[PDB]
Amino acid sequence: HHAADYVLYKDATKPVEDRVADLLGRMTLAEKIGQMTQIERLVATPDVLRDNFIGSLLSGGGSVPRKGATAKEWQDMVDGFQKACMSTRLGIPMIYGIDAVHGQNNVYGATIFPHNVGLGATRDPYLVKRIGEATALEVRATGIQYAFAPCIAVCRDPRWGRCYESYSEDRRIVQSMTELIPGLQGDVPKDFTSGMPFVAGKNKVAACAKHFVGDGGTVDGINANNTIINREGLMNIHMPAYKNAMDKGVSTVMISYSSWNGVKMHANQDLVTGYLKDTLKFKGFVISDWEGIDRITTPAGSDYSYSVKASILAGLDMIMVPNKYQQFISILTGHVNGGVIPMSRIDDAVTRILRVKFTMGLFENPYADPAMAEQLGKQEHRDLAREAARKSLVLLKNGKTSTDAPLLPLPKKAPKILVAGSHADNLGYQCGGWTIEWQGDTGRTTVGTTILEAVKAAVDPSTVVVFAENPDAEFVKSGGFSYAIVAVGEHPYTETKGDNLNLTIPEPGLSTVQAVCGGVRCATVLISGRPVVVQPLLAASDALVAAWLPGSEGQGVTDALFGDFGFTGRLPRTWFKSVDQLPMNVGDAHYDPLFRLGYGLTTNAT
């Protein structure tokens, strides 16, 4: 179809499958294995990208061009690495991936939405769609084309450090919230074949259903450990949302570090090829986790030869190396040259990678759009995050006795009020993990509104607002306060750092609630990624709200505290009485919750 130097794969009017086959038929083994290789930006250079024909780059948590970088700085970084890849013989663009899991959360000034546990509490899949929509725009603001989300783990034990990354312990809720996928990617057309990848174009991103499969079912909630459950229970609890993800055209699937009955996911051919690919008919690309193939062995990295063979034969297509690319490429090349990995396996992997790249429009728009930079932290998106935060809140108590006046909603007009606690004025704590840094961080880490800021923004001008982080009992008694709002809870964490067998919040937390509530009628705002030991907090408090990890828009919290909207959130997880009960789900036998799944009190707007 026309000039003498025509190349079919470069013709945007041709069918994706024809473009994929055309390009594939031209590629050398080095060019094929290059597509299968994803490296960290920290090891990337123009020569490295060109000389090893690299297929993909990522930023891990905290991997940023610099602290405070603008959207434009991100675009220019991404474009520099793209220019190198486009300069190879075949000019195959790279795809850049990142953990944009509650907004474009590594980026300064990005809107930070509630983490998944709170979204589960909203029971609003359209809200979650809109969050996917907004997140795609903020990811494209930075020139990035690929988000490692959604996490569709079904967390069955809250001692897991990733429980906040699960929408719920109930798979039906997780299933409903796969609407994040068409938000991030665009809706699939009416004719669509389940399992095909889809991304609408340059204003959308490729998505990633993760981590396949049973990541939320591990023993004692130990992150990346073994999930012991029969096939029936794997398929009834952990798998279903993957089929909803196929039906919505999820582009990619990331494999879990976890094992299923002692078999590493990253080596599990029956599940990755037999089930995901051959039974679900998945046609996008399967990606490893970060040194996931290394960790097939114990110790990790003790037979990288075997890791490469096991993973690739199992059916993984792209490998998140992410640093030792030369070793990865060399070992895989050697296995193919030795006949240990057939060319049919390499060609399948490359076909899937190229199918996602052509489908999403990456060969037509390999570079960033500078007009999209201004999408970052946009007010419309902050309004959406505020709505989500407010909708996520679960009211657990609202009066000590059944005869007390309901504390919430609080009046905006009062002579003097107290805001107190470690989490009342700490933006980093209210965002939790995967925010700026991998593990999150403390204090004013990005643009947002703390709970204290939000109070000051909500109250009548005649209300005096006093902040004290950890006031003693006498301070409160002597202060002439109408009421207090006290915010306490967990510190930020991510992955194995968040694994916690006691689930008791750090001090001073309880002690400040006790001091404050001892003095004046109090509304306690509990910031956590999960249920935590709550009976002592409840005993002290007039009202108590489970606000989860509500993100940058702290006005969502005060929207409900002051009655602009009613409380509507409901527990998306069981609240336990004691950690000795765990695991405890919601049709066991020892099922004896403090608050059952679905519990939540309501108020009416004032």
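All residue numbers are counted from 1 along the displayed sequence.
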Mean C-alpha temperature factor, higher of 184 to 192 and 288 to 296
184 to 192
Look up the CA B-factors in the entry and say which stretch, 103 to 111 or 339 to 347, has the higher mean.
339 to 347
Report the option among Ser392, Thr435, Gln145, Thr401 whose CA atom has the maximum B-factor in the deposited record.
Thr401
Of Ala207, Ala454, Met254, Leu276, which one's C-alpha B factor is largest in the deposited record?
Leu276
Where the record places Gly377 (Cα B-factor, split into thirds across the chain)
lowest
CA B-factor ranking of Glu179, expressed as a third of its chain
lowest
Which third of the chain holds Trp548 when residues are ordered by C-alpha B factor: lowest, middle or highest?
lowest
Where the record places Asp47 (Cα B-factor, split into thirds across the chain)
highest
Would the CA B-factor of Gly480 place it in the lowest, middle or highest third of its chain?
highest
